[PDB]
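First comes the structure, then the notes that go with it.
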Amino acid sequence: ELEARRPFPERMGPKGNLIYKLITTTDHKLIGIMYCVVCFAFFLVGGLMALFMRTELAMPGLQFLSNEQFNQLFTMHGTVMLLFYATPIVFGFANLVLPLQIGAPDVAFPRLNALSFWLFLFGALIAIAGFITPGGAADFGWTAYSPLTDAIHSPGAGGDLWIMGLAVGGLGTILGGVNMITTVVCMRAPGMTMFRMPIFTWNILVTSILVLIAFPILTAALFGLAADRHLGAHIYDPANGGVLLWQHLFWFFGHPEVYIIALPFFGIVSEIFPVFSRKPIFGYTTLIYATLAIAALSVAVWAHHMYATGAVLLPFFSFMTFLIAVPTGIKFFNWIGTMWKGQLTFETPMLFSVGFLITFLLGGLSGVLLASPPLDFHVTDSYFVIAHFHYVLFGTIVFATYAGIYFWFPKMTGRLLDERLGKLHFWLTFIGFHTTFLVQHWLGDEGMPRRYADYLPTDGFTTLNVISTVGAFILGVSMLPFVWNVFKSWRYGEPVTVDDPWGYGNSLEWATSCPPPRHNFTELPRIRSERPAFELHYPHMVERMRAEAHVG
Amino acid sequence: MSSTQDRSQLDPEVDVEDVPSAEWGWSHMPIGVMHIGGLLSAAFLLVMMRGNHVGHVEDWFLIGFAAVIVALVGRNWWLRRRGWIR
Amino acid sequence: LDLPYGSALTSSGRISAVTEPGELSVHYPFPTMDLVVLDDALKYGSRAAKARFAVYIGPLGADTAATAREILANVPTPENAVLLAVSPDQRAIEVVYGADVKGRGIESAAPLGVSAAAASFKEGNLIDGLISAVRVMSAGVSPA
Amino acid sequence: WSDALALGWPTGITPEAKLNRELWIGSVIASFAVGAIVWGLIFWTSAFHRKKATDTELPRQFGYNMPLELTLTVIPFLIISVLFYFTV
Amino acid sequence: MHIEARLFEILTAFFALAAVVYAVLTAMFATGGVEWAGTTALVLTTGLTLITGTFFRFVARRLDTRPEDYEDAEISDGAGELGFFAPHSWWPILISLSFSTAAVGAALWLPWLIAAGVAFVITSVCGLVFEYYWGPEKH
Amino acid sequence: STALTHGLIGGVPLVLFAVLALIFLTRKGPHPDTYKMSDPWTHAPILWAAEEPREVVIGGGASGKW
Amino acid sequence: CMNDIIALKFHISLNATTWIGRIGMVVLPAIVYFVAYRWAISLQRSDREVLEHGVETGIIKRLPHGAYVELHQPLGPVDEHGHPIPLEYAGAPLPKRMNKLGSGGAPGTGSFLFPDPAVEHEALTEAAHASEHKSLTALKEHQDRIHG
Amino acid sequence: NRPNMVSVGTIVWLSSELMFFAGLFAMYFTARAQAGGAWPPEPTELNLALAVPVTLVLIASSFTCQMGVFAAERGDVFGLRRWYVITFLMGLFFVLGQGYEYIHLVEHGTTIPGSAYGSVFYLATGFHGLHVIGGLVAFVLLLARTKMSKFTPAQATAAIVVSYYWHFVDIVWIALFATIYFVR
Ligand code: HEA
Ligand code: HEA
Ligand SMILES: CCCCCCCCCCCCCCCC(=O)O[C@H](COC(=O)CCCCCCC[C@@H](C)CCCCCCCCC)COP(=O)(O)O[C@H]1[C@H](O)[C@H](O)[C@@H](O)[C@@H](O)[C@@H]1O
Ligand SMILES: CCCCCCCCCCCCCC(=O)O[C@H](COC(=O)CCCCCCCCCCC)COP(=O)(O)O
Ligand SMILES: [Ca+2]
Ligand SMILES: [Cu+2]
Ligand SMILES: [Mg+2]
């Protein structure tokens, strides 16, 4: 019964089978693989700017930069990292496993699914191409307060390209959001009821719903601003009450935006915990309600970004902001209960997902303090807030993203990433991050304001800047082993020839091959619970799963 | 067949595993033309630094591009020699 | 029949196997790069001679190493194929080919194809001998 | 001792500043407590609950606990309520 | 499809409550007026969910239980005929390029570029929509 | 000092590296060690064959000894 | 040649355009060569997929055991198992959409706003179909007589 | 026995397009608050004798659209093809009437850079007017496709979704008219 097999799998394709299949494709699996490659390419560009502005922040004198360059530099870092890396990388993970998770062969509209990626890429390019101009790119922050973006102040051409690129990106985002709702609602397998799908799918569905509300109101505001800058349209005049109109319009978008790039990465950790813990996810019904409550609450909390303005109803936005901190603790406790009383092995996915917990807790703790107007009266618009949103944001889209990559690399490629090369990366990242961002709280507390190009020698805060710069260079060098690992192990990696290399996988993507076929499936199991693949592989556990499920 | 398509039969007057239609036209450029071309292009990029310009940003751009070209050529040559590619 | 822990027969007749988190699936006793070197040699040799090449490493020795004739009946298209069987437990070298490579130079190829393997088998080298034998054999079989 | 707990705020020069400093220092303690009692929980299970040498069967497959989930949504609610009161 | 419909009206109820609360609480004891910017957004956020909820309710009451909506259904119940999906197309990238051209035209205020972009967009959309409907050539 | 800062920024990263690279990259992986011919062959039978050309009666043979 | 007009209308340095062109005139051709070569080979490989499997109709089947397949339309004779017999390349274009093969009739004989009597439509459809048969048959007969 | 996914796709998209107009409504209500007396300033004067008939034509367009949809469900390709042409003509009438009102208003001193009221008026009514032209393009694009192949259920689905879009358009206009010409 000997079977003939090759000594080693094929490394690469036969001199051209990708170039034409890159421009005509409608495969969701292919589009996802070409959705992160570009995201990680933009990550480096966004981070190089941070390295520049961190190097020109360690000594009191202006050594090699100017004011204008520094302004453009932090503005473009801020925009590229948020809108050209994170918001997109959300949708990369969607059309990579969601059809596999629901048991569908395809997305609802494939030929529309293709358009979103190209809109993303070209919008991003138009926005970034502001550096070719003799003037430079946008130099007014990602927030874009008015009147500073009026024809009078910031009359350059970089700002115009910024405005007109964000709109083209936002159209792709909306069109991508339209597709996932349809796919979830009307593409499911028989027996896959709404309350039987995994957590990731719920998160993506609610995220899409949130996108549909957040983005159009931003595009409208951008059109309004372009009207002022090109026609002299008297929309955001200070005399006309437009200084606060624009801020309301922007912050109706801004905070739902930061909750667009949070829940999907909650889903990833919620999918990773049960696999490596050899135990079911503790609380399935309640996590859905937590997601729904967090999403619903994050619409009526938008003026907590506007405290120093002294022009908002303070009680309204403080109480609700306190309330949006309740279900997050529920999620934390559910994760802890999931990883409670089970065999844990701590491979790379679990290590990253645990780093996520440790970082995000302090991020959220700092975030709650900002919600009280008395404390934000002293803290706002200083490096304390920068310390805050570089923990709550660095856990979801860095640690959880890497966890997802290490988790789903074999399922998408058929190779295993190295282990001795994936732990050095994690430890470098962790040490570098805590070295560079911990002292920013103190900096903001002593009275160092944000968006300052330089400072005076007799200011007190000099050594903390040196520590931050050292940590930032460690965090910048940390990424070499990861890229090396991906480059090396894509074609010379260890071959996985099973249906699941992680053993106790629960979702339906582990009930197929590595990688899956063109239409994702050659068979389907019988859908009974939220762990179909586990019951496929372990039929002797059904009686032990439905009897031990409840603790009293 | 109930289809409209008409099959064509034709007879006019590197192997087929790499280039499927290898016997229908010119489908091989010898290696060594491309390596020497790359090196010569790098030399030209390097030599254009002699002129009347007074800036130095352009010089660094030229150096970077030449370095990239040389690195690509070197990598290809090394891998071809060592036996990992054909 | 027999299914390991984590394996299950599906509705299509295909199996779904499982491996432990920190474990592999293939676990050959040879380095990866050596496997690559053997594989591409086996691939380009086979393509040139238009005859499938195979390698066997296992206990074929029962009756003067004559079950190789039965192992050759497992490769795809057994008629147009060549085999090389090696027994390290018994120091046995065997070559057997199907009835389509006749008259293409394989008659004059096996005698030195086995010598090439044996020459390197006089050292502690095993994976080197297979590639050497394949290289010396595939360069003497005419495509027709 | 208050220096290492105010994370480097300046001391006030007006009564309102002193009252704000009092509120802030009182809140930092209330946030380190809930951080410690969760870091401890994460550390506890990451050092004791592991795959031991003795390869036993899969552990207890429990996934629901209604009383603990019900008594857990109420405990932070009181904390945020008191914080809201003091904030006001 | 009752779960889908219920998930939307839950959000509708919450959004309506939030909008009504916000509108009144700003009319009384809040400087200025009603804070028209925030009130406007929340009364249309509710409408967003209301439209979808109503549509889903109608669809759910029209059609009966599907294989997806049945707790204990078999795989063999779903066997049949899915529908149509596009295997491949190179038109999306052309649409994106056309829109990019129009956007670059609008950014630098070059009306000729804007006009060219609009023409390109129309042509590309025409190409996309008519792809699987063109008949054979008449000769 | 303009001497300590420049040396420290570019010095610490390269020292933290190559100390974390000595305690991770200097251990044995899951790839099994190479088989020597001085020991009995203990492994399942191996049958390798090419996939070219793509898509019973046997009339030859040879032998050797080592 | 028009680097002074591009530098005015589009906001870019006039000094920068010269260097862009100077560096480009040695770099861009090489990139174009590589991309063109790969693209041509990929278009070749696109033709070998349809001669072997057939035209993808864009329809998914969902078999009883829960398998997803796509229906293919063979361009020639079929095997006893239903898989098409492979065809040879003859340097000629191949169809890739089912609508170009006649998977779609005329909406109906008539004006843009009013239809014609049914009999006319039936007769015209019959004539057109028969004419298509005759043309194809003539070409096939000529091609068969040539290669004897 | 299944939901129409091309129908659900259009409805979900139409929900998001309603939040686009939220911005414009917010701008209008914000600029209205800082009126400083009479909200329509001295130079401007709205003429109800031209905005009413055009609104009535736009309202009547929906009836013809629905008649076309009803004809589409039966298989009448000519019935579908007949109502959509008159719908297109009425939409074109709407656009030309709106343009005429614009020309009249500009000559009397109400412009975009002239005032804040001009700004909000033109922005709100010009973003709406773009959608109507898009709808007309959709009509012509769909009517061209009904001649390419035989009339199948997919064609009916396309007609229905286009009708959905048109209905949304005129419902938005009714709101705009009520909030601009009456609630001044
Ligand atoms: C996902 C979101 C995200 C991520 C990941 C980061 C990542 C980092 N950020 Fe953050 N940042 C923001 C979101 C993010 N940031 C936002 C929203 C602002 C607001 C500012 C504003 O108002 O505009 C901000 C602003 C901000 C500031 C405040 C600046 C100021 O206000 O003056 C600082 C301070 O140091 C900072 C530092 C960093 C550092 C050191 C990293 C490190 O993570 C990154 C280091 C990584 C790299 C450097 C990659 C390495 C690159 C290479 C090794 C070379 C490769 C070369 C090529 C490809 C050509 N960023
Ligand atoms: C990116 C992701 C992200 C996430 C998830 C959040 C989450 C939160 N954010 Fe936001 N925020 C940003 C991104 C994010 N934020 C960004 C980018 C900015 C700056 C934009 C700019 O101005 O440039 C910002 C700014 C910002 C401000 C304005 C600050 C200022 O400008 O001065 C405020 C104020 O209310 C705020 C509050 C919160 C709160 C209360 C949460 C809550 O979601 C977090 C709650 C988490 C926890 C509570 C921890 C877990 C809970 C438990 C373990 C139970 C414990 C119970 C109690 C303590 C009672 N953040
Ligand atoms: C046709 C495509 C060709 C493809 C080939 C690509 C090759 C690109 C090579 C890169 C060119 C580098 C140009 C450098 C040569 C140079 O001189 O550049 C300087 C300023 O560097 C810059 O900006 C660098 C700009 C980089 C441009 C990158 C080009 C990529 C674009 C062109 C690709 C997009 C293609 C178009 C897309 C359209 C189709 C879409 C697909 C200007 O000097 P200057 O201005 O005098 O600076 C003075 C100080 O010195 C002094 O202190 C003082 O401060 C002042 O006196 C100051 O003036
Ligand atoms: C992505 C593609 C976007 C392209 C948009 C094209 C729109 C450009 C139209 C230019 C209008 C100039 C009219 C003007 O200033 O004349 C003024 C009067 O304009 C009007 O009242 C008619 C304007 C038509 C309404 C259209 C609104 C659309 C809003 C678009 C916001 C960007 C006269 O200015 P003046 O007093 O002479 O200084
Ligand atoms: Ca400095
Ligand atoms: Cu906020
Ligand atoms: Mg501020």
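In each ligand, atom 1 is the first atom listed, and ligand 1 is the first ligand listed. In what follows, every heavy atom counts, from backbone to side chain, and hydrogens, waters and symmetry copies are set aside. Lettering follows sequence order; numbering is per chain, from 1.
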At under 4.0 Å between heavy atoms, which part of [X] makes contact with ligand 1: side chain, backbone, both or neither?
X: A/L44; result: both
X: A/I397; result: side chain
X: A/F140; result: neither
X: A/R54; result: side chain
X: A/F394; result: side chain
X: A/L393; result: side chain

Is atom 38 (O) of ligand 4 near the protein, in the sense that some protein heavy atom lies at less than 4.0 Å from it?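 Yes, at least one protein heavy atom sits under 4.0 Å from atom 38 (O) of ligand 4.
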Sub-4.0 Å protein heavy atom next to atom 14 (C) of ligand 1: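 At least one protein heavy atom is under 4.0 Å away.
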Shortest protein heavy-atom distance from [atom], along with the residue and atom involved:
atom: atom 25 (C) of ligand 4; answer: H/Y102 CE2, 4.1 Å
atom: atom 46 (C) of ligand 1; answer: A/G47 CA, 4.0 Å
atom: atom 19 (O) of ligand 4; answer: H/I112 CD1, 4.4 Å
atom: atom 12 (C) of ligand 4; answer: A/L231 CD2, 3.9 Å
atom: atom 8 (C) of ligand 4; answer: E/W109 CH2, 4.3 Å
atom: atom 33 (C) of ligand 4; answer: H/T111 CG2, 3.8 Å

Tell me, please: is [X] in heavy-atom contact with ligand 1, that is, under 4.0 Å?
X: A/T436; answer: no
X: A/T143; answer: no
X: A/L82; answer: yes
X: A/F433; answer: no

So does [X] have more than 12 non-hydrogen atoms from other groups sitting under 6.0 Å from [atom1]?
X: A/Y455; atom1: OH; answer: yes
X: A/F389; atom1: CZ; answer: yes
X: A/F430; atom1: CZ; answer: yes
X: H/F127; atom1: CZ; answer: yes

Can you check which of [options] brings a heavy atom nearest to [atom]?
atom: atom 42 (C) of ligand 1; options: A/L480, A/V385, A/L475; answer: A/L475
atom: atom 19 (C) of ligand 1; options: A/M81, A/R450, A/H77; answer: A/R450
atom: atom 9 (N) of ligand 1; options: A/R451, A/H390, A/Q440; answer: A/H390

Would you mind running through ligand 4 and noting each atom that sits below 4.0 Å from a heavy atom of H/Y122?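 Every atom of ligand 4 under 4.0 Å from some heavy atom of H/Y122: 21 (O), 27 (C).
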I'd like to know whether H/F25 forms a ring-ring contact (aromatic ring centres under 6.0 Å, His included) with H/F21, so could you lay out the CA-CA distance, the side-chain angles of the two residues, the decisive distance to 0.1 Å, and finally the verdict. CA-CA 6 Å; H/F25 273 103; H/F21 287 105; 7.4 Å; no
Going by the ring-ring contact (aromatic ring centres under 6.0 Å, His included) test, name the single residue among A/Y402, A/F352, A/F43 that passes it with A/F482.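 The option that passes is A/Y402.
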What angle, in degrees and rounded to 10°, do you get at the Cu ion (ligand 6) when you join it to NE2 of A/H304 and to NE2 of A/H305?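 My answer is 150°, to the nearest 10°.
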A/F74 N/O to ligand 1 N/O under 3.5 Å: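 Yes; at least one N/O pair falls below 3.5 Å.
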Would a 4.5 Å heavy-atom cut-off, applied to side chains only, mark A/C36 and A/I89 as touching?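 A/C36 vs A/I89: side chains touch.
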If I consider every N, O or S atom in A/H255, which one ends up closest to the Cu ion (ligand 6)? I only need its name.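 Looking at A/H255, the N, O or S atom with the least distance to the Cu ion (ligand 6) is ND1.
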